[PDB]
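Residue numbers (the authors' numbering), protein chains in the order written: chain A, 25 to 66, 83 to 141, 153 to 177, 188 to 196, 199 to 242, 262 to 317; chain B, 963 to 1012; chain C, 963 to 1012; chain D, 318 to 440, 450 to 455, 461 to 470, 491 to 494, 510 to 518, 521 to 615.
Where is the CB? At the ideal position from N, CA and C, for every residue including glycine.
Quick notes on the structure that follows.
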Amino acid sequence: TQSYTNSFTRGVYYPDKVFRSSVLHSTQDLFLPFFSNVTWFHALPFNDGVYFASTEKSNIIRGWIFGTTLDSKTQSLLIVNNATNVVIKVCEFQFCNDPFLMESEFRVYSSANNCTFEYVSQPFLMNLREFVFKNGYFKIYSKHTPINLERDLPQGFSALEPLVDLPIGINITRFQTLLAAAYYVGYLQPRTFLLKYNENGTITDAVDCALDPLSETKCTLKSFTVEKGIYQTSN
Amino acid sequence: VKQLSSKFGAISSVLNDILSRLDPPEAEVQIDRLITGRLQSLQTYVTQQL
Amino acid sequence: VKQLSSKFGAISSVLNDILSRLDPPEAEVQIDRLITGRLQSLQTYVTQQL
Amino acid sequence: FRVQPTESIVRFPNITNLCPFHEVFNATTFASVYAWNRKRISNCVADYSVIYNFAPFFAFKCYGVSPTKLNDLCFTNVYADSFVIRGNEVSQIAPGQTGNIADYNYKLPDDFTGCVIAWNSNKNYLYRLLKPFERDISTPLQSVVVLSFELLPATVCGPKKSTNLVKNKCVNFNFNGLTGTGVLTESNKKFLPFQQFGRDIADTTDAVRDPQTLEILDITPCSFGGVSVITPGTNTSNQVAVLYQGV
């Protein structure tokens, strides 16, 4: 099925790898907007990058697959979240209409061709798990913050720390989720933010400079509070 | 207003006659001259207004 | 203080980057651009201070 | 008044496996203009100071980097192309020249492309009649090595000898690409393991990770100030007093 819901000013990651003190640094990168019509699912386009968020009790849904046309066109991506490690396979794969992935199966589409990458490291999980896939390399962000909510996506701010930096140069147009689940997919857009760092150096607050005139005059002068008056913001 | 029709060492005075006729990375040495001249004119105007 | 991070059309905003990968035949143009920009910032600061 | 440094140290990582570049041009044959190669190895130590003469490298036209200063630079992104072109017209391969190649084959977006070497070869290219770095493979017909860099963490460094770590004095350092002077102090922790540099409101480097022991090292240059001379008058006396300011 498919349903519509609203974000709660979340989906903000770290742009660079530079330590900053309690300063108000304004960046400009492909960010998810604060209040957007996100889609809940129970051949998605990639656009500028997706925001994957899925809550699961005992890690049922796992895996990803990326590609343009599959078969023999611009290779494919295969992320498998095994219980001991994470296997990344970048080869040419055919078919793969449905995943339908001892008791379970250990095959999706097979038909391997050559080899480009094999990145085996520590596993991601071990709910409210968020993943940002931004493509020219391949950035993967993650954050595991347990919460107590019925439909998830709660109030507050959670900054997503970078985990995986794959140096793969390829275009991706179609996005599909490998393997009764529940996940959300948002779309990234070029926006300008104003990230706030604390004393520990983690992002605790941000504003969007394209939503509201109050949220636009919060960006011209680097201050979260606004005194009473009239301010000239744009033209 | 009248300072917008000066040359400041460039080959023209309007941006569209350089961005559509001259090369993209050889017009950077004349767009910079126009920017420097107009910035100097605006700065001198603000200076006398103060 | 914030004007030291500007490039003014050069390759870098810090002199140590310019004086570590450019040959002394070709390391003076960016230095002159940064010198002109920082000099103009200095006279602007002195004029508004007066 | 200022304090002059008395030592220079280089803090490079312990990896010393050389990149396969001495036999990169000797491996196989350079390709055509139909396809360029861009996937290269950037997990090694580069060495661009091995061969200069009696090698197939004629043109040394470099943009933004000089060939002399190549053993004290750490590189972030390294590419290496290999393709054939007519040696009679090699001037069009430049960030700024628009001709036959800069219509549907190549476009360098005025970036630090390292050095472009065309050389000579006598021993096809299958050119077709464009965005920068946008290859096209489509089927009118008729029968160089560029190291595009990005000096703005680093894993490909130059050949240099790493020395010991010295603190609490004015010493020149070289961790990755910083050639300034300062005093190293172990304080102001809570660096996360993905992040290396440190900055502030004024965007100045106040911290740096050691590539060997992964320890936080603060950067503060030496104390300075002004010198004022208090004179009672030349006609009156001859001796003066010197006031140092802010020290």
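1. 8 angstroms is my cut-off, CB to CB: does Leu-390/D come that close to chain C?
2. Given that a residue counts as buried once 16 or more other Cβ atoms are within 10 Å of its Cβ, and exposed if not, what is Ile-402/D?
3. Out of curiosity, what's the CA-to-CA distance linking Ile-105/A and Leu-117/A?
4. Quick one: Cα of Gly-35/A to Cα of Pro-579/D, how far?
5. Alpha carbon to alpha carbon, how far is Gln-992/C from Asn-439/D? Give it in angstroms, no decimals.
6. Taking only beta-carbon atoms, is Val-47/A less than 8 angstroms away from chain D?
7. Name the chain D residues that come within less than 8 angstroms of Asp-985/B, Cβ to Cβ?
8. What runs of the beta strand (DSSP E), each 3 residues or longer, lie entirely inside the region 345-415 of chain D?
9. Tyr-423/D: which of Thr-430/D, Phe-347/D, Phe-429/D, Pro-463/D sits nearest, CA to CA?
10. Would you be able to state if there are at least three C-beta pairs under 8 angstroms between the region 588-605 of chain D and the region 548-567 of chain D?
11. Quick one: Cα of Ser-967/B to Cα of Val-976/B, how far?
12. How far does the beta strand (DSSP E) with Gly-999/C in it reach, from first residue to last?
13. Closest by CA to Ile-100/A, which one among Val-267/A, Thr-108/A, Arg-190/A, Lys-304/A?
14. Of the residues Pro-330/D, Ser-359/D, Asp-398/D, which one's Cα is nearest the Cα of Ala-344/D?
15. Confirm, please, whether the CB-CB distance from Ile-119/A to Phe-168/A is below 8 angstroms.
16. What's the gap between the Cα of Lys-206/A and the Cα of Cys-336/D?
17. Along chain D, which residues have their Cβ under 7 angstroms away from the Cβ of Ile-973/C?
18. Where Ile-326/D and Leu-585/D are concerned, what is the direct C-alpha to C-alpha distance, given to the nearest angstrom?
19. Beta-carbon of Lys-386/D versus every beta-carbon of chain C: anything under 8 angstroms?
20. Below 8 angstroms on C-beta distance, what does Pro-337/D contact in chain A?
21. Should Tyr-200/A be labelled buried (16 or more other beta-carbon atoms within 10 Å of its own) or exposed?
22. For a test of the three-state rule: what should DSSP assign to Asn-61/A, helix, strand or coil?
23. I'd like to confirm the pairing. Which residues does DSSP put opposite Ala-93/A in its beta bridges?
24. Below 8 angstroms on the Cβ atoms is my guess for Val-362/D versus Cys-525/D; work out the distance and round it to an integer in Å.
25. What does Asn-282/A touch in chain D if you count any residue whose Cβ is under 7 angstroms from its own?
26. Once you ignore the five residues that flank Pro-987/B on each side, which residues in its own chain have a CB closer than 8 angstroms to its CB?
27. Determine, using beta-carbon pairs with one atom in the region 358-375 of chain D and one in the region 413-421 of chain D, whether at least three such pairs fall under 8 angstroms.
So, from the data block:
1. For this step, residue 390/D is matched to residue 73 along the fourth sequence. With 8 angstroms as the cut-off, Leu-390/D counts as an interface residue toward chain C.
2. For the purposes of this step, residue 402/D is taken as residue 85 along the fourth sequence, with counting starting at 1. Buried, because 16 or more other Cβ atoms sit within 10 Å of the Cβ of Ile-402/D.
3. Taking the first sequence and counting its residues from 1, one reaches residue 105/A at position 65. Taking the first sequence and counting its residues from 1, one reaches residue 117/A at position 77. Distance between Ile-105/A and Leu-117/A, taken at the CA atoms: about 5 angstroms.
4. Sequence index remark: in the first sequence, residue 35/A carries index 11 (1-based). Sequence index remark: in the fourth sequence, residue 579/D carries index 211 (1-based). In a straight line, the C-alpha of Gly-35/A is about 32 angstroms away from that of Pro-579/D.
5. Against the fourth sequence, residue 439/D aligns to sequence position 122. Against the third sequence, residue 992/C aligns to sequence position 30. Cα-Cα distance, rounded: 40 angstroms.
6. Stepping through the first sequence from its first residue, residue 47/A is reached at position 23. So yes, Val-47/A belongs to the interface.
7. On the second sequence, residue 985/B is found 23 positions in, with the first residue counted as 1. Chain D residues near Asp-985/B: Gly-413, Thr-415.
8. Listed in chain order, the complete beta strand (DSSP E) runs (minimum 3 residues) inside the region 345-415 of chain D are 378-380.
9. Counted from its first residue, the fourth sequence places residue 423/D at position 106. Ranked by Cα distance from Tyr-423/D, the options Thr-430/D, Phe-347/D, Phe-429/D, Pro-463/D are led by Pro-463/D.
10. Under the three-pair Cβ rule at 8 angstroms, the region 548-567 of chain D counts as touching the region 588-605 of chain D.
11. The sequence position of residue 967/B within the second sequence is 5, counting from 1. The sequence position of residue 976/B within the second sequence is 14, counting from 1. The alpha-carbon atoms of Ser-967/B and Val-976/B are separated by roughly 8 angstroms.
12. To locate residue 999/C, count along the third sequence from 1; it is residue 37. Looking at the DSSP string, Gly-999/C is not in any beta strand (DSSP E); the run it does join, the alpha helix (DSSP H), is 991-1011.
13. For the purposes of this step, residue 100/A is taken as the residue at position 60 of the first sequence. Cα-wise, what sits closest to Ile-100/A is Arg-190/A.
14. The count along the fourth sequence starts at 1 and reaches residue 344/D at position 27. Distance from the Cα of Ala-344/D is smallest, within the candidate group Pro-330/D, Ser-359/D, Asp-398/D, for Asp-398/D.
15. For the purposes of this step, residue 168/A is identified with residue 117 of the first sequence, where counting begins at 1. For the purposes of this step, residue 119/A is identified with residue 79 of the first sequence, where counting begins at 1. Cβ atoms of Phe-168/A and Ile-119/A: not closer than 8 angstroms.
16. For the purposes of this step, residue 206/A is taken as the residue at position 143 of the first sequence. For the purposes of this step, residue 336/D is taken as the residue at position 19 of the fourth sequence. If you take the alpha carbons of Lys-206/A and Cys-336/D, they lie about 36 angstroms apart.
17. On the third sequence, residue 973/C is found 11 positions in, with the first residue counted as 1. What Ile-973/C touches in chain D: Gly-381.
18. Within the fourth sequence, numbered from 1, the residue matching residue 326/D stands at position 9. Within the fourth sequence, numbered from 1, the residue matching residue 585/D stands at position 217. Put simply, the backbone Cα of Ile-326/D is about 14 angstroms away from that of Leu-585/D.
19. Working through the fourth sequence from its first residue, we reach residue 386/D at position 69. Cβ-Cβ to chain C under 8 angstroms: yes for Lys-386/D.
20. Stepping through the fourth sequence from its first residue, residue 337/D is reached at position 20. Scanning chain A for C-beta atoms nearer than 8 angstroms to the C-beta of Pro-337/D yields nothing, as the closest lies near 17 angstroms away.
21. Start at 1 with the first residue of the first sequence, and residue 200/A comes out as number 137. With fewer than 16 Cβ atoms within 10 Å of its Cβ, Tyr-200/A is classed as exposed.
22. Looking up residue 61/A in the first sequence gives position 37. Reduced to three states, the DSSP call for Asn-61/A is strand.
23. Looking up residue 93/A in the first sequence gives position 53. Per DSSP, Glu-191/A, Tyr-266/A.
24. As a position in the fourth sequence, residue 362/D is number 45, starting the count at 1. As a position in the fourth sequence, residue 525/D is number 157, starting the count at 1. Going by Cβ atoms, the distance from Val-362/D to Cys-525/D rounds to 6 angstroms, so yes, they are a contact pair.
25. To locate residue 282/A, count along the first sequence from 1; it is residue 200. Chain D residues near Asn-282/A: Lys-558.
26. Residue 987/B sits at position 25 when you count from the first residue of the second sequence. The answer is none, since no qualifying residue turns up.
27. By the C-beta criterion, the region 358-375 of chain D is judged not to be in contact with the region 413-421 of chain D, since fewer than 3 inter-stretch pairs fall below 8 angstroms.
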